[PDB]
Amino acid sequence: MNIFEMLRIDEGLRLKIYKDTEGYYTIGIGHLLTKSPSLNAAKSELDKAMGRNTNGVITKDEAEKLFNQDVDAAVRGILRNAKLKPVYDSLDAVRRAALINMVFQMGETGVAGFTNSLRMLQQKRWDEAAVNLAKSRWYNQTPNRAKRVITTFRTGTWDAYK
Ligand SMILES: [Cl-]
Ligand SMILES: [Cl-]
């Protein structure tokens, strides 16, 4: 299992514009287009992203291409972030994936706000962090997904995705 496979499970794959769990226009593999309520604004951003007139629809290949860029960006966001980097560096390979997932879903900023959990993860206090992570909007809004990531941090294994 790896980051790609993992996120692909959490996000799914859609070829037509859609609304995410928060009601934002998205496409592909969890690629957010825009927070605006306007579909046109969405279509616009999409075309700009694909370099072509999509008419709100892309191919698998294109989705995958977005997905690659989005993963890379996330890693890079982590690495450039002063609060994130050190955490990420302290972790093992599976757990890193877990950090990446959260960043992909919520943004480097969103993640950097779990200050307390971050600190616990850094100290390798697995059960405590799991508990702290759960006290969050994130967990309350997307419980199944949150559970999977959290188990991942807790165990350092892929069991939740098997
Ligand atoms: Cl983009
Ligand atoms: Cl969920």
# chains A, B, ... in the order shown; residues from 1 in each chain; ligands from 1

call {"tool": "residues_near_ligand", "arguments": {"ligand": "ligand 2", "cutoff": "6 Å", "atoms": "only C-alpha atoms and all ligand atoms", "output": "PyMOL selection string"}}
result
chain A and resi 142-145

call {"tool": "write_last_selection", "arguments": {"atoms": "N, CA, C and O atoms", "output": "short mmCIF file (atom, residue, chain, number, x, y, z; two decimals), in the first residue's frame"}}
result
data_model
loop_
_atom_site.label_atom_id
_atom_site.label_comp_id
_atom_site.auth_asym_id
_atom_site.auth_seq_id
_atom_site.Cartn_x
_atom_site.Cartn_y
_atom_site.Cartn_z
N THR A 142 -16.11 13.93 9.19
CA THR A 142 -15.78 12.79 8.33
C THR A 142 -15.15 11.71 9.16
O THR A 142 -14.00 11.34 9.02
N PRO A 143 -16.01 11.17 9.98
CA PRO A 143 -15.65 10.16 10.96
C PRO A 143 -14.98 8.91 10.37
O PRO A 143 -14.00 8.38 10.91
N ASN A 144 -15.55 8.33 9.32
CA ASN A 144 -14.90 7.09 8.86
C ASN A 144 -13.50 7.30 8.34
O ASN A 144 -12.60 6.53 8.54
N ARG A 145 -13.37 8.37 7.58
CA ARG A 145 -12.11 8.67 7.01
C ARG A 145 -11.14 9.04 8.13
O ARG A 145 -10.04 8.49 8.23
#

call {"tool": "closest_atom_pairs", "arguments": {"of": "segment 10-56 of chain A", "to": "segment 99-111 of chain A", "cutoff": "9 Å", "atoms": "only C-alpha atoms", "output": "tab-separated table"}}
result
residue	atom	partner	partner_atom	distance
A:10	CA	A:101	CA	8.7
A:11	CA	A:105	CA	8.9
A:30	CA	A:105	CA	7.9

call {"tool": "write_last_selection", "arguments": {"atoms": "N, CA, C and O atoms", "output": "compact mmCIF listing (two decimals), in the first residue's frame"}}
result
# COMPACT_ATOMS: atom_id res chain seq x y z
N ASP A 10 -9.59 6.94 0.07
CA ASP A 10 -10.30 7.98 0.80
C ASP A 10 -11.07 8.96 -0.07
O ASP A 10 -12.07 9.56 0.29
N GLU A 11 -10.58 9.20 -1.23
CA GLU A 11 -11.23 10.23 -2.01
C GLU A 11 -12.13 9.72 -3.12
O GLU A 11 -12.96 10.48 -3.64
N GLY A 30 -10.44 13.93 -5.57
CA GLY A 30 -10.40 14.92 -4.51
C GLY A 30 -9.71 16.22 -4.89
O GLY A 30 -9.32 16.98 -4.04

call {"tool": "residues_around", "arguments": {"residues": "segment 79-92 of chain A", "least_positions_apart": "4", "cutoff": "8 Å", "atoms": "only C-alpha atoms", "output": "ChimeraX atom specification"}}
result
/A:75,96,99,108,112,118-119,121-122,156

call {"tool": "closest_atom_pairs", "arguments": {"of": "chain A", "to": "ligand 1", "cutoff": "12 Å", "atoms": "only C-alpha atoms and all ligand atoms", "output": "Markdown table"}}
result
| residue | atom | partner | partner_atom_place_in_ligand_line | distance |
| --- | --- | --- | --- | --- |
| A:26 | CA | ligand 1 | 1 (Cl) | 11.8 |
| A:27 | CA | ligand 1 | 1 (Cl) | 11.5 |
| A:31 | CA | ligand 1 | 1 (Cl) | 8.6 |
| A:32 | CA | ligand 1 | 1 (Cl) | 9.1 |
| A:33 | CA | ligand 1 | 1 (Cl) | 8.3 |
| A:34 | CA | ligand 1 | 1 (Cl) | 10.7 |
| A:44 | CA | ligand 1 | 1 (Cl) | 11.8 |
| A:45 | CA | ligand 1 | 1 (Cl) | 8.2 |
| A:46 | CA | ligand 1 | 1 (Cl) | 8.3 |
| A:47 | CA | ligand 1 | 1 (Cl) | 10.0 |
| A:48 | CA | ligand 1 | 1 (Cl) | 7.9 |
| A:49 | CA | ligand 1 | 1 (Cl) | 5.0 |
| A:50 | CA | ligand 1 | 1 (Cl) | 8.2 |
| A:51 | CA | ligand 1 | 1 (Cl) | 10.2 |
| A:62 | CA | ligand 1 | 1 (Cl) | 11.7 |
| A:63 | CA | ligand 1 | 1 (Cl) | 11.4 |
| A:65 | CA | ligand 1 | 1 (Cl) | 10.3 |
| A:66 | CA | ligand 1 | 1 (Cl) | 7.3 |
| A:67 | CA | ligand 1 | 1 (Cl) | 10.0 |
| A:68 | CA | ligand 1 | 1 (Cl) | 10.8 |
| A:69 | CA | ligand 1 | 1 (Cl) | 7.8 |
| A:70 | CA | ligand 1 | 1 (Cl) | 8.0 |
| A:71 | CA | ligand 1 | 1 (Cl) | 11.7 |
| A:72 | CA | ligand 1 | 1 (Cl) | 11.7 |
| A:73 | CA | ligand 1 | 1 (Cl) | 9.9 |

call {"tool": "atom_distance", "arguments": {"atom1": "atom CA of residue 15 of chain A", "atom2": "atom CA of residue 61 of chain A"}}
result
10.1 Å

call {"tool": "select_by_dssp", "arguments": {"residues": "chain A", "states": "helix (DSSP H, G or I)", "output": "compact mmCIF listing (two decimals) with C-alpha atoms, in the first residue's frame"}}
result
# COMPACT_ATOMS: atom_id res chain seq x y z
CA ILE A 3 0.08 7.20 -0.34
CA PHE A 4 -1.44 6.99 -3.74
CA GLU A 5 -3.42 3.93 -3.07
CA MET A 6 -4.43 5.25 0.29
CA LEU A 7 -5.77 8.55 -0.93
CA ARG A 8 -7.43 6.88 -3.78
CA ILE A 9 -9.40 4.91 -1.30
CA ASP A 10 -10.30 7.98 0.80
CA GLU A 11 -11.23 10.23 -2.01
CA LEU A 39 -20.50 26.23 -11.27
CA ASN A 40 -19.17 28.41 -13.94
CA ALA A 41 -16.43 29.57 -11.71
CA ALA A 42 -15.81 25.84 -11.35
CA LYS A 43 -15.85 25.11 -14.98
CA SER A 44 -13.52 27.97 -15.48
CA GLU A 45 -10.98 26.81 -12.92
CA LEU A 46 -11.25 23.38 -14.40
CA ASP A 47 -10.47 24.52 -17.90
CA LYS A 48 -7.62 26.60 -16.66
CA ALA A 49 -6.32 23.47 -14.87
CA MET A 50 -6.56 21.25 -17.95
CA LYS A 60 -8.97 9.17 -16.16
CA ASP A 61 -5.58 10.11 -17.31
CA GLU A 62 -6.23 13.77 -16.65
CA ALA A 63 -7.59 12.93 -13.14
CA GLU A 64 -4.51 10.98 -12.45
CA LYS A 65 -2.41 13.77 -13.63
CA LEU A 66 -4.08 16.19 -11.23
CA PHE A 67 -3.69 13.65 -8.49
CA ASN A 68 0.05 13.47 -9.02
CA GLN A 69 0.47 17.15 -8.89
CA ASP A 70 -1.71 17.34 -5.79
CA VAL A 71 0.33 14.72 -3.94
CA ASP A 72 3.54 16.38 -4.80
CA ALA A 73 2.29 19.71 -3.76
CA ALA A 74 1.19 18.34 -0.41
CA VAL A 75 4.60 16.82 0.32
CA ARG A 76 6.16 19.99 -0.64
CA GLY A 77 3.80 22.01 1.51
CA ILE A 78 4.74 19.88 4.52
CA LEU A 79 8.40 20.26 3.81
CA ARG A 80 8.20 23.99 3.57
CA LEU A 84 5.03 20.45 9.81
CA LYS A 85 8.46 19.53 8.67
CA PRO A 86 9.87 18.45 11.91
CA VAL A 87 6.96 16.29 12.58
CA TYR A 88 7.16 14.63 9.30
CA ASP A 89 10.88 14.10 9.71
CA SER A 90 10.40 12.41 13.01
CA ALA A 93 7.06 5.81 6.47
CA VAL A 94 3.52 4.76 7.16
CA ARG A 95 2.81 7.50 9.51
CA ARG A 96 4.18 10.03 7.06
CA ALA A 97 1.55 8.86 4.67
CA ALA A 98 -0.95 9.58 7.30
CA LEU A 99 0.27 13.12 7.65
CA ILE A 100 0.19 13.56 3.92
CA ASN A 101 -3.46 12.45 3.79
CA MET A 102 -4.52 14.96 6.33
CA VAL A 103 -2.65 17.69 4.47
CA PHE A 104 -4.19 16.73 1.14
CA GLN A 105 -7.66 16.89 2.62
CA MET A 106 -7.31 19.92 4.62
CA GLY A 107 -4.52 22.10 3.77
CA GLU A 108 -1.30 22.74 5.27
CA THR A 109 -2.74 25.44 7.35
CA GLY A 110 -5.59 23.35 8.66
CA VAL A 111 -3.14 20.74 9.68
CA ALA A 112 -0.62 22.99 11.27
CA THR A 115 -0.62 21.86 17.42
CA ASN A 116 -1.20 19.71 20.31
CA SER A 117 -1.61 16.48 18.37
CA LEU A 118 1.46 17.31 16.34
CA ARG A 119 3.46 17.60 19.47
CA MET A 120 2.25 14.23 20.68
CA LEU A 121 2.96 12.59 17.39
CA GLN A 122 6.43 14.00 17.56
CA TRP A 126 0.59 7.10 19.84
CA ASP A 127 -2.53 6.53 21.97
CA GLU A 128 -2.64 10.06 23.30
CA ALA A 129 -2.40 11.65 19.96
CA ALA A 130 -5.14 9.43 18.59
CA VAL A 131 -7.32 10.63 21.34
CA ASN A 132 -6.44 14.25 20.74
CA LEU A 133 -6.90 13.98 17.03
CA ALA A 134 -10.41 12.77 17.48
CA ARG A 137 -14.41 19.08 13.65
CA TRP A 138 -12.54 16.92 11.14
CA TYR A 139 -13.37 13.82 13.03
CA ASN A 140 -16.96 14.84 13.66
CA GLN A 141 -17.62 15.66 10.01
CA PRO A 143 -15.65 10.16 10.96
CA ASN A 144 -14.90 7.09 8.86
CA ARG A 145 -12.11 8.67 7.01
CA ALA A 146 -10.74 10.33 10.13
CA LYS A 147 -10.83 6.89 11.85
CA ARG A 148 -8.79 5.34 9.20
CA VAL A 149 -6.05 7.99 9.36
CA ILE A 150 -6.01 7.98 13.12
CA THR A 151 -5.59 4.22 13.30
CA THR A 152 -2.82 4.64 10.92
CA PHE A 153 -1.04 7.06 13.20
CA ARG A 154 -1.85 4.93 16.16
CA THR A 155 -0.54 1.66 14.82
CA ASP A 159 -4.56 -2.36 8.74
CA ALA A 160 -7.38 0.23 8.41
CA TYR A 161 -7.01 0.23 4.76

call {"tool": "closest_residue", "arguments": {"among": "A:58, A:162, A:53, A:114", "to": "residue 28 of chain A", "atoms": "only C-alpha atoms"}}
result
A:58

call {"tool": "atom_distance", "arguments": {"atom1": "atom CA of residue 36 of chain A", "atom2": "atom CA of residue 23 of chain A"}}
result
9.7 Å

call {"tool": "select_by_dssp", "arguments": {"residues": "segment 14-72 of chain A", "states": "strand (DSSP E)", "output": "PDB file with N, CA, C and O atoms, in the first residue's frame"}}
result
ATOM      1  N   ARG A  14     -13.891  10.522  -9.564  1.00  0.00           N
ATOM      2  CA  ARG A  14     -15.003  11.052 -10.321  1.00  0.00           C
ATOM      3  C   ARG A  14     -14.536  11.907 -11.466  1.00  0.00           C
ATOM      4  O   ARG A  14     -13.713  12.803 -11.257  1.00  0.00           O
ATOM      5  N   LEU A  15     -15.104  11.589 -12.630  1.00  0.00           N
ATOM      6  CA  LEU A  15     -14.830  12.232 -13.888  1.00  0.00           C
ATOM      7  C   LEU A  15     -15.712  13.435 -14.218  1.00  0.00           C
ATOM      8  O   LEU A  15     -15.392  14.272 -15.048  1.00  0.00           O
ATOM      9  N   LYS A  16     -16.708  13.664 -13.405  1.00  0.00           N
ATOM     10  CA  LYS A  16     -17.552  14.811 -13.649  1.00  0.00           C
ATOM     11  C   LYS A  16     -17.472  15.742 -12.440  1.00  0.00           C
ATOM     12  O   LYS A  16     -17.139  15.352 -11.280  1.00  0.00           O
ATOM     13  N   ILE A  17     -17.632  17.039 -12.701  1.00  0.00           N
ATOM     14  CA  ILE A  17     -17.546  17.904 -11.554  1.00  0.00           C
ATOM     15  C   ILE A  17     -18.495  17.410 -10.468  1.00  0.00           C
ATOM     16  O   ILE A  17     -19.628  17.019 -10.785  1.00  0.00           O
ATOM     17  N   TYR A  18     -18.109  17.525  -9.212  1.00  0.00           N
ATOM     18  CA  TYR A  18     -19.049  17.140  -8.156  1.00  0.00           C
ATOM     19  C   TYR A  18     -18.876  18.007  -6.940  1.00  0.00           C
ATOM     20  O   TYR A  18     -17.916  18.818  -6.826  1.00  0.00           O
ATOM     21  N   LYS A  19     -19.792  17.824  -5.991  1.00  0.00           N
ATOM     22  CA  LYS A  19     -19.687  18.605  -4.753  1.00  0.00           C
ATOM     23  C   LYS A  19     -19.023  17.794  -3.631  1.00  0.00           C
ATOM     24  O   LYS A  19     -19.402  16.617  -3.387  1.00  0.00           O
ATOM     25  N   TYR A  25     -17.087  22.410  -5.113  1.00  0.00           N
ATOM     26  CA  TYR A  25     -16.919  21.836  -6.444  1.00  0.00           C
ATOM     27  C   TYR A  25     -15.534  21.233  -6.546  1.00  0.00           C
ATOM     28  O   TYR A  25     -14.492  21.908  -6.333  1.00  0.00           O
ATOM     29  N   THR A  26     -15.550  19.974  -6.927  1.00  0.00           N
ATOM     30  CA  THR A  26     -14.369  19.163  -6.967  1.00  0.00           C
ATOM     31  C   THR A  26     -14.432  18.330  -8.221  1.00  0.00           C
ATOM     32  O   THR A  26     -15.504  18.075  -8.810  1.00  0.00           O
ATOM     33  N   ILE A  27     -13.281  17.753  -8.517  1.00  0.00           N
ATOM     34  CA  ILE A  27     -13.279  16.778  -9.608  1.00  0.00           C
ATOM     35  C   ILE A  27     -12.158  15.729  -9.393  1.00  0.00           C
ATOM     36  O   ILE A  27     -11.156  15.932  -8.721  1.00  0.00           O
ATOM     37  N   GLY A  28     -12.250  14.630 -10.113  1.00  0.00           N
ATOM     38  CA  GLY A  28     -11.150  13.685 -10.143  1.00  0.00           C
ATOM     39  C   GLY A  28     -11.017  12.953  -8.834  1.00  0.00           C
ATOM     40  O   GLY A  28     -11.951  12.364  -8.304  1.00  0.00           O
ATOM     41  N   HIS A  31      -9.730  16.597  -6.149  1.00  0.00           N
ATOM     42  CA  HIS A  31      -9.130  17.842  -6.552  1.00  0.00           C
ATOM     43  C   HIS A  31     -10.119  19.004  -6.394  1.00  0.00           C
ATOM     44  O   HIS A  31     -11.100  19.160  -7.142  1.00  0.00           O
ATOM     45  N   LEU A  32      -9.918  19.846  -5.379  1.00  0.00           N
ATOM     46  CA  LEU A  32     -10.833  20.934  -5.167  1.00  0.00           C
ATOM     47  C   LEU A  32     -10.783  21.978  -6.268  1.00  0.00           C
ATOM     48  O   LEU A  32      -9.755  22.534  -6.614  1.00  0.00           O
ATOM     49  N   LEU A  33     -11.894  22.357  -6.784  1.00  0.00           N
ATOM     50  CA  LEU A  33     -11.737  23.385  -7.756  1.00  0.00           C
ATOM     51  C   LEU A  33     -11.854  24.754  -7.188  1.00  0.00           C
ATOM     52  O   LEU A  33     -11.134  25.678  -7.580  1.00  0.00           O
ATOM     53  N   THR A  34     -12.893  24.908  -6.399  1.00  0.00           N
ATOM     54  CA  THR A  34     -13.168  26.237  -5.903  1.00  0.00           C
ATOM     55  C   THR A  34     -14.152  26.135  -4.758  1.00  0.00           C
ATOM     56  O   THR A  34     -14.993  25.213  -4.756  1.00  0.00           O
TER      57      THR A  34
END

call {"tool": "atom_distance", "arguments": {"atom1": "atom CA of residue 38 of chain A", "atom2": "atom CA of residue 56 of chain A"}}
result
12.8 Å
